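Beneath this line is the structure, given in structure tokens, with notes to follow.
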Amino acid sequence: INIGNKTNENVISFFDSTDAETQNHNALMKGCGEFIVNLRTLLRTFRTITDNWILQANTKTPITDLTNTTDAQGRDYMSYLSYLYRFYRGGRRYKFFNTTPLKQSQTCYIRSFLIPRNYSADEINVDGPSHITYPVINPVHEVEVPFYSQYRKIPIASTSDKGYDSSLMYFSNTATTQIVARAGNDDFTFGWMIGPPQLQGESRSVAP
Amino acid sequence: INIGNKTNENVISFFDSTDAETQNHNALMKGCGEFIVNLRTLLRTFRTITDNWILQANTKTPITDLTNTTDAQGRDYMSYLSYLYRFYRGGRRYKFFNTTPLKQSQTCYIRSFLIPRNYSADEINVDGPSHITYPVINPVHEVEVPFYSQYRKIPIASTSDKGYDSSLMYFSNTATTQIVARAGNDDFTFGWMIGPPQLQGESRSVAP
Amino acid sequence: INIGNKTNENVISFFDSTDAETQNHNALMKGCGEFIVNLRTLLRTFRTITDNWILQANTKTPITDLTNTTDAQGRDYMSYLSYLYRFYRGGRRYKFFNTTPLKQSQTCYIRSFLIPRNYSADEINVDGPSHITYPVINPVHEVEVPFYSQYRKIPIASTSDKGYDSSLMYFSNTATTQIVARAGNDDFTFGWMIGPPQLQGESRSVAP
Numbered sequence: 001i002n003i004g005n006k007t008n009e010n011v012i013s014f015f016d017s018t019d020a021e022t023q024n025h026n027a028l029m030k031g032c033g034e035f036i037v038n039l040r041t042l043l044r045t046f047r048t049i050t051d052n053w054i055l056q057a058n059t060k061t062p063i064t065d066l067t068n069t070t071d072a073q074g075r076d077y078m079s080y081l082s083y084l085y086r087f088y089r090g091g092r093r094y095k096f097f098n099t100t101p102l103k104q105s106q107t108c109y110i111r112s113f114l115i116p117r118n119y120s121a122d123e124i125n126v127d128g129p130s131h132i133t134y135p136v137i138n139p140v141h142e143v144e145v146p147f148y149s150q151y152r153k154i155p156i157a158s159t160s161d162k163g164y165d166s167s168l169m170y171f172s173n174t175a176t177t178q179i180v181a182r183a184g185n186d187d188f189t190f191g192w193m194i195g196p197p198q199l200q201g202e203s204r205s206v207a208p
Numbered sequence: 001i002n003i004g005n006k007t008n009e010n011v012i013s014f015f016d017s018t019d020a021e022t023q024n025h026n027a028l029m030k031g032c033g034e035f036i037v038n039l040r041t042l043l044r045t046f047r048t049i050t051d052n053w054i055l056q057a058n059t060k061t062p063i064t065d066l067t068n069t070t071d072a073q074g075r076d077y078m079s080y081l082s083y084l085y086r087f088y089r090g091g092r093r094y095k096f097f098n099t100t101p102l103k104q105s106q107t108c109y110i111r112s113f114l115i116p117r118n119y120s121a122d123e124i125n126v127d128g129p130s131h132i133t134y135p136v137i138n139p140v141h142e143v144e145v146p147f148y149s150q151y152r153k154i155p156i157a158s159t160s161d162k163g164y165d166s167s168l169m170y171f172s173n174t175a176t177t178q179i180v181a182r183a184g185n186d187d188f189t190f191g192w193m194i195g196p197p198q199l200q201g202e203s204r205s206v207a208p
Numbered sequence: 001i002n003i004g005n006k007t008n009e010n011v012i013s014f015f016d017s018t019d020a021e022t023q024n025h026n027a028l029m030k031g032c033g034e035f036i037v038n039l040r041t042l043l044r045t046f047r048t049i050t051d052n053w054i055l056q057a058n059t060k061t062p063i064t065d066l067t068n069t070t071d072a073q074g075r076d077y078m079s080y081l082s083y084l085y086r087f088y089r090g091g092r093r094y095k096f097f098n099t100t101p102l103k104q105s106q107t108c109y110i111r112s113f114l115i116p117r118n119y120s121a122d123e124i125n126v127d128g129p130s131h132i133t134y135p136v137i138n139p140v141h142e143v144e145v146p147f148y149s150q151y152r153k154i155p156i157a158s159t160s161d162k163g164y165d166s167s168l169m170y171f172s173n174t175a176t177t178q179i180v181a182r183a184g185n186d187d188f189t190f191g192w193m194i195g196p197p198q199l200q201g202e203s204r205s206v207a208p
């Protein structure tokens, strides 16, 4: 019974029932039918980042006019899981579901181009790999931006070195309004884990 | 030279002379001639519990009118060693040495019966195993009460459950006076040791 | 991280260069040419204890009229190394370099005798082993006192038991003046080490 603090940690487990890895597998044959192991696979499912993205006719719009607003929110999985990590890597996918009250007397088309990140519309050309769809027959514009980077990984909010990896540019001949839903491609991943931020609950606007 | 109390007891023996079990055996071949090992064997030697037990003629007297007075004293070995223990077991023996100024013109006899413990004389019959002696020819009445119990061991001063083991009842046609000396039988033992009480010395009755 | 002082000494050596016993041997092939191992060998080199030992003609002079003055000083090696030790053993050697303005019209000779230690000149005879030199042809009087002792070792400043080992007595027919240089013989050694005394620096005799 000497004097001085000590160590020798005593791991105790209550409830000597059954090894838990058998009980989990027996609980997902009856309640799920699926077994979500990795959070990387939630970066490959398309979750909608907006519901009404209103644009004007004949205006080249980068996705960083939308993504820069919705990265802070943490609504979808690529912006909620990004608060646990500090780097990323890989391309991104997009889907553009049409919700426009279209006219028949025009022919609407949806172009898509590449800009490097955070340039505007006037300081880039339109001579690159593109994709065009027609919303009267194909209301979903599906596009994939690859990973064309100078660096092997990208941080969040870096220095004045801008335009070091590619992104998407949107174009349409008519003033459209869409539902944007993004996900990562087959090589997209985060890394270099940190701890989480806070969360936000309801907003009741109480009487006093 | 760290801080904290410790253990590791240091048994030291003074006087490296000779192993003591040889010295004890060599000291009892010259001073005793006997070697008292066990205290159980002192329960088989008869020690006198009284010197003048005066009775009246034609009166059935239980030994618990005498034993209940002399259990508290601790004079003999069955009442001195009983303060170290809490239980007992087995029968008891008695001897009744006659010290009566007898007459020749009567025929004195000494009956002895069984009562269960702590009954009186009127609430028991006399139909049992008995013993009769004649003090004009046999001045010592030797009797043995067996162990006829409902329980495998008996405590000291139990509940209102009375009469759960047998005892002795005395009878004589004349007013006799005796020397009672008890001991245990071949199965008598104590058990379940506790610590001793105090002892009592002299009583001088000093002048102030 | 218990409470209590401890032990377990951590010998650390700076400068992982090369084993030093190789570096010392490589440094004495280039700077010394000699390797002084033992301090006992410095008791066999003659160092001068005085520079002008003036005597009178026809006077038997013990060396303890000089040695008792110069043992305290610590100038030579036998009086500087003696402050580290408490005993000694063995004989001593002497050399007497002549520095007298001699005359030709006399014949100078230098006798040397034995006294036991600390006697005077009048309480000893001259019948013993002697040595005579002539400073006109042999200016160095070399003599060796052996170890003729009652004890196997001699302390410093003992009791009133005096004259327990031999020493030297000087004699000369003329008033000479010499340079005395002593050393131990082939059996001389100190022993039974103690710690050193203090040392003495300069004496400037400053202006205030």
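Residue numbers (PDB author numbering), protein chains in the order written: chain A, 1 to 208; chain A', 1 to 208; chain A'', 1 to 208. A prime marks a further copy of an entry chain.
The C-beta atom is built at its ideal place from N, Cα and C for all residues, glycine as well.
Original post:
Mind checking whether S167 (chain A'') and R117 (chain A'') have CB atoms under 7 Å apart?
Top reply: yes
**OP:** With a floor of 3 residues, list each beta strand (DSSP E) that falls wholly inside the region 43-98 of chain A', ordered by position along the chain.
**Re:** 85-89, 92-98
**OP:** Measure from the C-beta of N8 (chain A) to each C-beta in chain A'' and report whether the shortest distance is under 7 Å.
**Re:** Chain A'' contact via Cβ: absent.
Original post:
Between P62 (chain A') and the rest of its own chain, which residues show a CB-CB distance below 6 Å, the 5 nearest in sequence each way excluded?
Top reply: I115, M169
Original post:
With burial defined as no fewer than 16 other Cβ atoms inside 10 Å of the residue's Cβ, what is the status of residue 214 (chain A'): buried or exposed?
Top reply: In the structure displayed, chain A' extends from 1 to 208; residue 214 (chain A') sits before or after that span and is not available.
**OP:** May I have the straight-line CA-CA distance separating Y109 (chain A) from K103 (chain A), to the nearest angstrom?
**Re:** 12 Å
Original post:
Between the Cα of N98 (chain A') and the Cα atoms of A':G91, A':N10, A':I179, which residue gives the shortest distance?
Top reply: A':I179
Original post:
In whole angstroms, what is the alpha-carbon distance linking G184 (chain A'') and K162 (chain A'')?
Top reply: Rounded to whole angstroms, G184 (chain A'') to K162 (chain A'') spans 22 Å at the Cα level.
**OP:** Please say whether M193 (chain A'') and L84 (chain A'') have beta carbons closer to each other than 7 Å?
**Re:** yes
Original post:
Any idea if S105 (chain A') is buried or exposed, counting beta-carbon neighbours within 10 angstroms, 16 or more meaning buried?
Top reply: Around the C-beta of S105 (chain A'), fewer than 16 other C-beta atoms lie within 10 Å, and the residue is accordingly described as exposed.
**OP:** Return helix, strand or coil for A175 (chain A''), following the three-state DSSP convention.
**Re:** Annotated three-state conformation of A175 (chain A'') is coil, per DSSP.
**OP:** Just mark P135 (chain A'') as buried or exposed, buried being the case when its beta carbon has 16 or more other beta carbons within 10 Å.
**Re:** buried
Original post:
Is the region 119-130 of chain A' in contact with the region 53-68 of chain A', if contact means three or more CB pairs nearer than 8 Å?
Top reply: yes
**OP:** Give a yes or no on whether the minimum CB-CB distance between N26 (chain A) and chain A' is below 7 Å.
**Re:** no
Subject >> Residue span of the beta strand (DSSP E) that contains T22 (chain A), given as start and end >> reply: Careful: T22 (chain A) lies outside any beta strand (DSSP E), inside the alpha helix (DSSP H) at 20-28.
**OP:** Can you pull the chain A'' residues whose beta carbon is under 9 Å from the beta carbon of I3 (chain A), in chain order?
**Re:** Scanning chain A'' for C-beta atoms nearer than 9 Å to the C-beta of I3 (chain A) yields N2, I3, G4, reported in chain order.
Original post:
Near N173 (chain A''), what residues of its chain come up, given a Cβ to Cβ distance below 7 Å and the 5 sequence neighbours on each side ignored?
Top reply: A57, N58, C108, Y109.
Original post:
What residue does the beta strand (DSSP E) around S112 (chain A') start on, and which one ends it?
Top reply: Start and end: 110-116.
Subject >> Cβ contact (3+ pairs, closer than 8 Å) linking the region 36-56 of chain A' and the region 29-39 of chain A >> reply: no
**OP:** Sort A'':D16, A'':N5, A'':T64 by Cα distance to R182 (chain A'') and report the nearest one.
**Re:** Among A'':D16, A'':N5, A'':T64, the Cα nearest to that of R182 (chain A'') belongs to A'':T64.
Original post:
What is the DSSP secondary structure of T41 (chain A'), counted as helix, strand or coil?
Top reply: helix
Subject >> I49 (chain A'') classed as buried or exposed, judged by whether at least 16 other C-beta atoms fall within 10 angstroms >> reply: buried
**OP:** Measure the CB-CB distance between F171 (chain A'') and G90 (chain A'') and report whether it falls below 7 Å.
**Re:** no
**OP:** Pull up the distance between the alpha-carbon of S149 (chain A') and that of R204 (chain A'), whole angstroms please.
**Re:** 45 Å
Original post:
Is the beta carbon of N52 (chain A) sitting closer than 7 Å to the one on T177 (chain A)?
Top reply: yes
Subject >> Sequence-distant residues of the same chain with beta carbon closer than 8 Å to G128 (chain A''), five excluded per side >> reply: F113, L114
Original post:
Of the choices A':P146, A':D165, A':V145, A':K95, whose alpha-carbon is the least far from that of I154 (chain A')?
Top reply: It is A':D165.
Original post:
Measuring CA to CA, which of A':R111, A':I54, A':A207 is closest to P101 (chain A')?
Top reply: A':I54
**OP:** Return the CA-CA distance between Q23 (chain A'') and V11 (chain A''), expressed in angstroms with no decimal places.
**Re:** 21 Å
Subject >> Of the listed residues A:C32, A:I137, A:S17, A:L66, nearest to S120 (chain A) (C-alpha basis) >> reply: A:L66
**OP:** From the DSSP output, in three-state form, read off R152 (chain A'') for me.
**Re:** coil
Original post:
Mind checking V145 (chain A'): buried by the 16 CB within 10 Å criterion, or exposed?
Top reply: Per the 10 Å Cβ criterion, buried.
**OP:** Within the same chain, show all residues whose beta-carbon is closer than 7 Å to that of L28 (chain A'), passing over the 5 residues directly before and after it, in chain order.
**Re:** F35
**OP:** Below 8 Å on the Cβ atoms is my guess for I3 (chain A') versus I3 (chain A''); work out the distance and round it to an integer in Å.
**Re:** 5 Å
Original post:
What's the C-alpha gap between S158 (chain A'') and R75 (chain A'')?
Top reply: 23 Å
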